[PDB]
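Q: Partial complex follows, first chain(s) only, in situ:
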Amino acid sequence: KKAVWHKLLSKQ
């Protein structure tokens, strides 16, 4: 969850 969370906020 936290690992993929960075992708959404980073990629946004």
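A: Nice, I can see it. Residues are numbered from 1 along each chain as shown, chains lettered A, B, ... in the order given.
Q: Could you use CA atoms for every contact and neighbour count after this?
A: Fine.
Q: neighbours around residue A:2, how many?
A: Applying other Cα atoms under 10 Å, we find 6 residues neighbouring residue A:2.
Q: State the number of residues packed around residue A:12.
A: 6.
Q: so what's it up against?
A: Contacts for residue A:12 were tallied using Cα atoms under 8 Å, 6 or more residues apart in numbering; there are none.
Q: which residues in chain A form helices?
A: A:2-11 (DSSP state H).
Q: Residue A:1: neighbouring residues, count only.
A: If we define neighbours as other Cα under 10 Å, then residue A:1 has 5 of them.
Q: Could I get the contacting residues of it?
A: Contacts of residue A:1 (Cα under 8 Å, 6+ apart): none.
Q: Chain B should join the structure above:
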Amino acid sequence: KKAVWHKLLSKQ
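A: Once chain B is put in with the chains from before, the structure reads:
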């Protein structure tokens, strides 16, 4: 979390 969750709902 889930283990203690039963206590709150069970004990309520």
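Q: please look at the neighbour count of residue A:1 again, because chain B has been put in.
A: 5 (other Cα atoms under 10 Å in any protein chain shown).
Q: before we move on, what about residue A:11?
A: A count of nearby residues for residue A:11, using other Cα under 10 Å, gives 7.
Q: where's it relative to residue B:5, distance?
A: Residue A:11 is 34 Å from residue B:5, where distance means Cα to Cα, to the nearest Å.
Q: just residue A:10 next, same as before
A: According to Cα to Cα, residue A:10 and residue B:5 sit 33 Å apart.
Q: What of residue A:9?
A: As judged by Cα to Cα, residue A:9 and residue B:5 stand 30 Å apart.
Q: Repeat that for residue A:2.
A: Using Cα to Cα, we find residue A:2 at a distance of 22 Å from residue B:5.
Q: what do you get for residue A:4?
A: Taken as Cα to Cα, the span from residue A:4 to residue B:5 is 25 Å.
Q: same deal with residue A:3?
A: Plainly put, residue A:3 is 25 Å away from residue B:5 if you go by Cα to Cα.
Q: who's more crowded, those two?
A: Neighbour count, other Cα under 10 Å: between residue A:3 and residue B:5, residue B:5 has more, with 10 against 7.
Q: can you slot in chain C too:
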Amino acid sequence: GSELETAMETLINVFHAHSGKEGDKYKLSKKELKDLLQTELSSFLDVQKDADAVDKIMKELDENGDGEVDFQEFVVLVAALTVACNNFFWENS
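A: Time to bring in chain C:
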């Protein structure tokens, strides 16, 4: 205040209203989920312009492998981006 009393009323009345527009009376589908957010939480939650966000979040948000999302799953992840994105505000510009 009486703000929170209304808050719960707003969340559930809109949750079950559009969630049963074409799917089941109270279960969400990838198509019900993206229409419900582009409807009132515009510019807050995104799904239409960001396609990677829809397949990656919706397919993994149904972490149980249900191509349908339950009300409990929708409130946790969608509400995260709701307060989180607001904190960054334009200050991140």
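Q: so, the neighbour count of residue A:1 revisited with chain C in the model?
A: The number of residues packed near residue A:1 is 8, by other Cα under 10 Å.
Q: Contact partners for residue C:28?
A: C:19-20, C:68-71 (Cα atoms under 8 Å, 6 or more residues apart in numbering or on different chains).
Q: Quick one: the residues you listed as JSON lines, columns for distance to residue C:92 and secondary structure too.
A: Formatted as JSON lines, the contacts of residue C:28 follow (distance: Cα to Cα, whole Å; DSSP: H, G, I helix; E, B strand; the rest coil):
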{"residue": "C:19", "distance to residue C:92": "34", "secondary structure": "helix"}
{"residue": "C:20", "distance to residue C:92": "38", "secondary structure": "coil"}
{"residue": "C:68", "distance to residue C:92": "34", "secondary structure": "strand"}
{"residue": "C:69", "distance to residue C:92": "31", "secondary structure": "strand"}
{"residue": "C:70", "distance to residue C:92": "33", "secondary structure": "coil"}
{"residue": "C:71", "distance to residue C:92": "31", "secondary structure": "helix"}
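Q: just the buried members of these?
A: Listed as buried from the contacts of residue C:28 are C:19, C:68-69; burial here means 16 or more other Cα atoms under 10 Å in any protein chain shown.
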